[PDB]
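Observations on the model geometry
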Amino acid sequence: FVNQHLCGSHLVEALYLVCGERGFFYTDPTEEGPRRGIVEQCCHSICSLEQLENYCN
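Conventions adopted
- Residues numbered from 1 in each chain as written, not as in the entry; some residues may be left out.
- Heavy atoms only, no water.
- Disulfide = S-S within 2.5 Å.
- UniProt positions renumbered as here; feature names shortened; annotations may be inferred.
- Helix = DSSP H or I, 4+ residues; strand = E, 2+ residues; numbered from the N terminus.
- Buried < 20%, exposed > 50% of the residue type's maximum accessible area, 1.4 Å probe, protein only.

1. A few points about the UniProt feature "disulfide bond" in the protein chain
- Here the bond UniProt gives for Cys7 and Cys43 holds up, since the two sulfurs are only 2.0 Å apart. Remark: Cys43 occurs in the segment after α2 (38-42) and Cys7 occurs in the segment before α1 (8-19); sequence separation between them is 36 residues.
- Residue classification places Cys7 among the partly exposed residues on the basis of a relative accessible area of 26%.
- Overall, the relative accessible area of 30% leaves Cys43 in the partly exposed class.
- Below 2.5 Å lies the sulfur separation expected of a disulfide, and the 2.0 Å found between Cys42 and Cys47, a pair UniProt records as linked, sits within that range. As far as burial versus exposure is concerned, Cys42 and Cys47 are alike and both buried.

Printed below as a string of structure tokens:
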């Protein structure tokens, strides 16, 4: 993951990386539109890693 399009769990992964085992908030890829912030921003556009670190716990 390096400031590049990240959708589906390909995004979760990053969060997993930066969040580590501490567990990251993202639920499942389906069910319903996730946070509606990181996804619509990192999937349709690029996003920061510092932005994933606030997702961990």
